[PDB]
Amino acid sequence: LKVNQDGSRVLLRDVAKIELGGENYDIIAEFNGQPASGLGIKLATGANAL
Amino acid sequence: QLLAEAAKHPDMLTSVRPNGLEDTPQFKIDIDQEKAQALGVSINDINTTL
């Protein structure tokens with residue numbers, strides 16, 4: 001991010017935590033108490049469901 | 001591995017070949033940002049020049 005006059009170099013590690021996480025924590029799912037995920041599927045106009 | 005295992009059955013499979021291309025040499029450039037900043041050079045300008 002920056003290299004100081006004294007020679008010290010600053011990285012992201014020193015000013016920010018970095019992790020793998022969801023791009024939106026708004027939605028959460030739970031199947032019979034335990035954590036889960038899934039897909040709700042919506043059909044198209046003029047197609048057969050079966 | 002599959003091509004090898006297929007060359008062992010020349011009585012059912014013949015001319016088993018890949019249609020793709022085999023890996024070739026590439027010239028890598030491991031730019032360093034510490035020195036580029038110590039010299040005041042915009043990495044964007046570096047990449048645009050290259």
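Residues numbered from 1 in each chain as written, not as in the entry; some residues may be left out. Chains lettered and ligands numbered in written order. Part of a larger assembly, values for the part shown. Heavy atoms only, no water.

- The PDB entry annotates chain B as Multidrug efflux pump subunit AcrB originating from Escherichia coli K-12.
- The deposited entry bears the title "Cryo-EM structure of Escherichia coli AcrBZ and DARPin in Saposin A-nanodisc with cardiolipin".

- As recorded by the PDB entry, chain A carries the name Multidrug efflux pump subunit AcrB and is attributed to Escherichia coli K-12.

## Regarding the overall build of chain A
Move 1: Looking only at helices and strands, one finds zero helices and four strands in chain A.
Move 2: In chain A, the succession of α and β elements from N to C terminus is β-β-β-β.
Move 3: Taking 2.2 N^0.38 as the reference for a compact globule, 50 residues should give roughly 10 Å; the C-alpha atoms of chain A span a radius of gyration of 23 Å, well beyond that estimate.
Move 4: Carbon and sulfur atoms make up 54% of the accessible area of chain A, which totals about 5,500 Å².
Move 5: Here chain A contributes 5 positive and 6 negative side-chain charges, whose respective centroids are spaced 7 Å apart. (Helix = DSSP H or I, 4+ residues; strand = E, 2+ residues; numbered from the N terminus. Rg over C-alpha atoms; globule rule 2.2 N^0.38 Å. Areas by Shrake-Rupley, 256 points an atom, 1.4 Å probe, with all protein chains shown as cover. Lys, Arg positive; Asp, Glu negative; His and termini not counted. Charge placed at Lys NZ, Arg CZ, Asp CG, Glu CD.)

## Details of a nonpolar patch on the surface
Residues and elements named next belong to chain B.
Move 1: A surface patch of nonpolar side chains, about 530 Å² in accessible area, is lined by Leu2, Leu3, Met12, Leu13 and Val16.
Move 2: Take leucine 3: it is sitting in helix α1 (residues 2-7).
Move 3: Owing to a relative accessible area of 43%, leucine 3 belongs among the partly exposed residues under this scheme. (Patch = residues over 30% accessible without salt bridge, like charges linked within 9 Å, V, L, I, M, F, W, Y side chains within 5 Å. Salt bridge = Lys/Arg side-chain N within 4 Å of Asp/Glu carboxyl O. Buried < 20%, exposed > 50% of the residue type's maximum accessible area, 1.4 Å probe, protein only.)

## Describing the environment of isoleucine 46 of chain B
Residues and elements named next belong to chain B.
Move 1: As for its position among the elements, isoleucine 46 is in helix α3 (residues 43-49).
Move 2: With 28 residues separating them along the chain, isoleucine 46 and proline 18 place their C-alpha atoms 38 Å apart.
Move 3: Those residues within four positions of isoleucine 46 in sequence are excluded, and the remaining contacts are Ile31, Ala36 and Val41. (Contact = heavy atoms within 4.5 Å.)

## Structural notes on the pattern of salt bridges
Move 1: For the structure shown, the criterion picks out two salt bridges over all chains.
Move 2: Note that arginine 9 of chain A is salt-bridged to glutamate 34 of chain B, the shortest N-O span being 3.1 Å. Of this pair, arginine 9 of chain A sits in strand β2 (residues 9-10) while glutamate 34 of chain B sits in helix α2 (residues 33-38), placing the two residues on different chains.
Move 3: Owing to a relative accessible area of 43%, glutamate 34 of chain B belongs among the partly exposed residues under this scheme.
Move 4: Across the salt bridge formed by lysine 28 of chain B and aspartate 30 of chain B, the nearest N and O atoms sit 3.0 Å from each other. A single burial state applies to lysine 28 of chain B and to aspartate 30 of chain B, both of which are exposed.

## Observations concerning unusual backbone geometry
Residues and elements named next belong to chain A.
Move 1: One non-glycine residue, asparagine 32, lies in the positive phi region at around 60°.
Move 2: Inspection of the secondary structure puts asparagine 32 in the loop between β3 (29-31) and β4 (34-36).
Move 3: Residue class for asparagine 32 comes out exposed when judged on its relative accessible area of 71%.

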